[PDB]
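To start, the structure under review is shown below, and the notes come after it.
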Amino acid sequence: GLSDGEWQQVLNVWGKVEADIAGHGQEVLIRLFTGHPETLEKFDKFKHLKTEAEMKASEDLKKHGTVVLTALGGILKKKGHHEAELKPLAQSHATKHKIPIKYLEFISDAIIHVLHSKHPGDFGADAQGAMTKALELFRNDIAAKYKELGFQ
Ligand code: HEM
């Protein structure tokens, strides 16, 4: 898993996100959609977004950004003891949303991208390392639930 020192770095980095959760949330989603357009097709409520301007101008996209990061934040604060929080998410994403684990990889990298973009020179090597481990743990535990369900 992660060491205590690493969890501290992770939650320290999260303080940045918490200062503007909707902003970070919005940019993470836009980065995901613009970098991987197929991901947009998984959202029946965002498919109408034809341009990045429309994306940036969407209040509902900002709203979902808050929903997504708030959920991730609650999970990170469990520092690994997130079975109860993670299971239901893995199941709705595999069964209801049909989100391949590949997309969870995309969003993880998108989070790292947004942190550097919004905080250049203030997201150190040790910080990127700890946050990456956390996102991998999150991703890996979801992958386990996916195998359980036989979802691809
Ligand atoms: C950091 C990773 C992610 C977190 C924490 C997260 C969290 C959430 C939460 C809490 C909801 C609402 C409740 C639910 O339906 O379970 C949701 C809905 C949804 N998510 Fe995720 N999500 C993540 C990644 C993804 C990715 C990578 C995609 C697709 C590219 C995706 C697609 C969707 C869709 C389609 C919905 C339903 C939207 C709607 O119709 O309202 N999610 N997500």
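Order of listing sets the numbers, starting from 1, for every ligand and every atom in it. When a residue number appears, it is its place in the shown sequence, counting from 1. Both backbone and side-chain heavy atoms feed into the values below; hydrogens, waters and symmetry mates do not.
Looking at atom 39 (C) of ligand 1, its nearest protein heavy atom turns out to be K45 CE, 3.8 Å. In this structure, atom 15 (O) of ligand 1 lies nearest to the protein heavy atom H97 NE2, 2.7 Å. Atom 11 (C) of ligand 1 has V67 CG1, 4.1 Å as its closest protein atom, hydrogens excluded (heavy atom only). From the protein, the heavy atom lying nearest to atom 29 (C) of ligand 1 is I99 CD1, 3.5 Å. With hydrogens left out, the protein atom closest to atom 16 (O) of ligand 1 is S92 OG, 2.8 Å, a heavy atom.
The aromatic rings of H119 and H24 lie parallel to each other, their planes meeting at an angle below 30°, with 60° marking the opposite boundary. Ring orientation note: the planes of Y103 and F106 are close to parallel, at an angle under 30° on the 30°/60° scale.
Closest approach of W7 to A134, counting heavy atoms only: CZ3-CB, 4.1 Å. Residue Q128 comes nearest to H116 through the heavy atom pair NE2-NE2, 2.9 Å, listed as atom of the first residue, atom of the second, then distance.
Counting only heavy atoms from C-beta outward, the side chains of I111 and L72 approach each other to under 4.5 Å. For the pair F43/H97, no side-chain contact is recorded, criterion being any heavy-atom separation below 4.5 Å from C-beta on.
The presence of a protein heavy atom under 4.0 Å from atom 13 (C) of ligand 1 is ruled out.
Of all atoms in ligand 1, listed by their number and element, those nearer than 4.0 Å to a heavy atom of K42 are 35 (C). In summary, the atoms of ligand 1 found under 4.0 Å from a heavy atom of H64, numbered by their order in the structure, are 17 (C), 18 (C), 19 (C), 20 (N), 38 (C).
With hydrogens and angles left out, the side-chain atoms of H48 and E54 include no donor and acceptor closer than 3.5 Å.
Using a 4.0 Å cut-off between charged nitrogen and carboxylate oxygen, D122 and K16 count as a salt-bridge pair. Salt bridge present: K102 and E105 bring a charged side-chain N and a carboxylate O closer than 4.0 Å. Under a 4.0 Å N-O distance rule, the pair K145/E85 does not qualify as a salt bridge.
Considering backbone and side-chain atoms together, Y103 places no N or O closer than 3.5 Å to any N or O of ligand 1.
Among the heteroatoms counted here (N, O or S) of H93, NE2 is the one nearest to atom 21 (Fe) of ligand 1.
Heavy-atom separations between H36 and ligand 1 are all 4.0 Å or longer.
Nearest-heavy-atom check against atom 1 (C) of ligand 1 across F33, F46, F138, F43 picks out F138.
In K96, neither the side chain nor the backbone holds a heavy atom less than 4.0 Å from any atom of ligand 1. By the criterion of a heavy-atom distance under 4.0 Å, the side chain of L89, and not its backbone, is placed next to ligand 1. At a 4.0 Å heavy-atom cut-off, ligand 1 touches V68 through backbone and side chain alike.
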